[PDB]
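Residue strings, one per chain:
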Amino acid sequence: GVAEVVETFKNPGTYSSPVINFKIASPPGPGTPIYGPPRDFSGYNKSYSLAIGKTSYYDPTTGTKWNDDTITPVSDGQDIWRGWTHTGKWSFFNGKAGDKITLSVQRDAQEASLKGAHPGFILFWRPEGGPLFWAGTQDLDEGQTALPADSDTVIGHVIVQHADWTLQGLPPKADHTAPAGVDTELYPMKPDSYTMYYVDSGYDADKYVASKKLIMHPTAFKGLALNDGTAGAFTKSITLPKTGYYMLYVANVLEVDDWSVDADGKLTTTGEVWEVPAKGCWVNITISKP
Ligand SMILES: [Ca+2]
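Residues numbered from 1 in each chain as written, not as in the entry; some residues may be left out. Heavy atoms only, no water.

- The name that the PDB entry assigns to the protein is SURFACE-ASSOCIATED PROTEIN, with the source organism given as Methylococcus capsulatus.

A word on the overall build of the protein
At step 1: In terms of helices and strands, the protein carries 0 helices and 21 strands.
At step 2: For 290 residues, the compact-globule estimate of 2.2 N^0.38 gives 19 Å, and the C-alpha radius of gyration of the protein, at 18 Å, lies within 12% of that figure.
At step 3: In terms of principal-axis extent, the alpha carbons of the protein reach across some 55 × 45 × 40 Å.
At step 4: Relative to its full complement of 290 residues, the protein shows a buried share of 52%.
At step 5: Within the protein, contacts between residues at least 6 apart in sequence are counted, and of these 78% link residues at least 24 apart.
At step 6: Accessible surface computed for the protein: about 12,500 Å², of which carbon and sulfur atoms make up 50%.
At step 7: Mean positive and mean negative side-chain charge positions of the protein (24 and 33 charges, respectively) differ by 4 Å. (Helix = DSSP H or I, 4+ residues; strand = E, 2+ residues; numbered from the N terminus. Rg over C-alpha atoms; globule rule 2.2 N^0.38 Å. Buried < 20%, exposed > 50% of the residue type's maximum accessible area, 1.4 Å probe, protein only. Contact = heavy atoms within 4.5 Å. Areas by Shrake-Rupley, 256 points an atom, 1.4 Å probe, with all protein chains shown as cover. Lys, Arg positive; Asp, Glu negative; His and termini not counted. Charge placed at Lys NZ, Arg CZ, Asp CG, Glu CD.)

Quick word on the coordination of the calcium ion
At step 1: Surrounding the calcium ion are the protein donor atoms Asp204 (OD), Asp206 (OD), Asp228 (OD), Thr230 (O) and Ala233 (O), which sit 2.2 to 2.4 Å from the metal.
At step 2: Between the donor residues of the calcium ion, the gaps in sequence give the motif D-x1-D-x21-D-x1-T-x2-A. Separated by 29 residues along the polypeptide, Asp204 in strand 13 (residues 193-204) and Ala233 in strand 16 (residues 233-239) bring together distant segments of the chain.
At step 3: You can call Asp204 buried: its relative accessible area is 0%.
At step 4: Residue classification places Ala233 among the buried positions, given a relative accessible area of 15%. (Donors = N, O, S within 2.8 Å, 3.2 Å for Na, K, Ca; no water.)

Considerations on the layout of surface pockets
Taking a probe equal in size to a water molecule and rolling it over the atoms shows the remaining empty space.
At step 1: Counted as a void, the largest pocket has a volume near 170 Å³.
At step 2: Across the lining of the largest pocket, the residue classes break down as 8 nonpolar, 1 polar and 2 charged. (1 Å grid on protein atoms, 1.4 Å probe; cavity = no way out; pocket = protein on both sides within 12 Å on 5 of 7 lines; lining within 4 Å. Points joined across faces, edges and corners; volume = space filled by probe spheres on them. Nonpolar A, V, L, I, M, F, W, Y, C, P; charged D, E, K, R; others polar.)

Brief notes about the packing of aromatic side chains
At step 1: What the rule picks out here adds up to 15 aromatic pairs.
At step 2: Centroid distance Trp90 to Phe124: 6.3 Å. Interplanar angle 20°. Geometry classified as stacked. Note that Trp90 is positioned in strand 7 (residues 89-95) and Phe124 in strand 9 (residues 119-126), a separation of 34 residues in sequence. You'll find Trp90 and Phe124 in the same group, each marked buried.
At step 3: With centroids separated by 5.4 Å and ring planes inclined at 20°, the aromatic side chains of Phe121 and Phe234 adopt a geometry described as stacked. Taken together, the residues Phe121 in strand 9 and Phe234 in strand 16 connect sequence positions 113 residues apart. Taken as a pair, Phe121 and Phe234 share a single burial class, namely buried.
At step 4: Grouping aromatic residues by their ring pairs yields a cluster made of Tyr57, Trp90, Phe124 and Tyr249.
At step 5: The aromatic ring of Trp134 is capped on one face by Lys173, whose charged end is 5.7 Å from the ring centroid. (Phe/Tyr/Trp six-rings, centres within 6.5 Å; stacked < 30°, edge-to-face > 60°. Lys NZ or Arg CZ within 6 Å of the ring centre and 35° of its normal.)

Next comes the structure, spelled out in structure tokens:
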């Protein structure tokens with residue numbers, strides 16, 4: 001299509017345009033955070049290791065569903081659970097229109113024999129051309145004039161996986177700009193809105209156990225499933241549609257015997273495939289050229 005999901009800015013709130021960090025690598029949970037080098041894939045043939053939350057890619061616990069009306073029949077694009085913005089992990093790169101690259105995500109070597117990972121990704125293009133500072137947003141409302149080091153804004157705390165993502169009602173901004181090469185007719189630069197444009201997405205759909213199921217929409221993401229016969233890993237060729245700055249989100253799909261929600265709307269499961277010691281599994285993200 002793709003769908004566009006339009007959010008209304010509220011601070012405090014779920015759609016408060018919070019800041020994400022390109023270095024944080026540790027899983028969710030208590031304890032000393034682990035920061036690695038910033039995950040800049042510019043130039044390609046780069047690889048970084050990090051942990052992703054158990055159900056970070058698709059989790060009814062987010063308490064919000066979106067709908068994809070570009071799907072026929074329309075009932076098949078309904079009630080899509082979101083992912084968690086901050087228990088997935090973010091990276092970026094600068095690239096050129098036409099760049100043919102390969103994204104790979106697989107279990108980290110330290111966890112290569114531990115079942116749990118089914119990595120997925122979302123790739124966005126940010127026409128603004130670099131990190132987007134927006135005063136008055138959740139983490140930029142104390143007089144900051146710039147983003148903190150190695151950080152960038154994204155729309156909200158729960159994320160859509162197959163849509164253009166738009167935030168409107170932002171604190172008015174007189175310097176929301178894009179570089180000269182950007183068609184601001186097609187990609188507007190509004191004083192009160194910004195859009196993260198969908199480029200691609202996908203997830204490892206190869207199950208560890210044939211009898212089990214993935215915590216995943218029955219039909220909405222049929223075009224997104226990647227099967228290569230290897231559970232815990234995917235590879236996807238991508239040709240960049242635009243010159244500029246890209247934002248990459250990676251998160252996990254959980255495999256279970258069954259899942260539901262409880263009275264509070266929290267995920268319940270039985271027979272999870274989760275052999276790793278923490279609340280997130282370590283994966284290695286690689287972008288190669290070609
Ligand atoms: Ca696979």
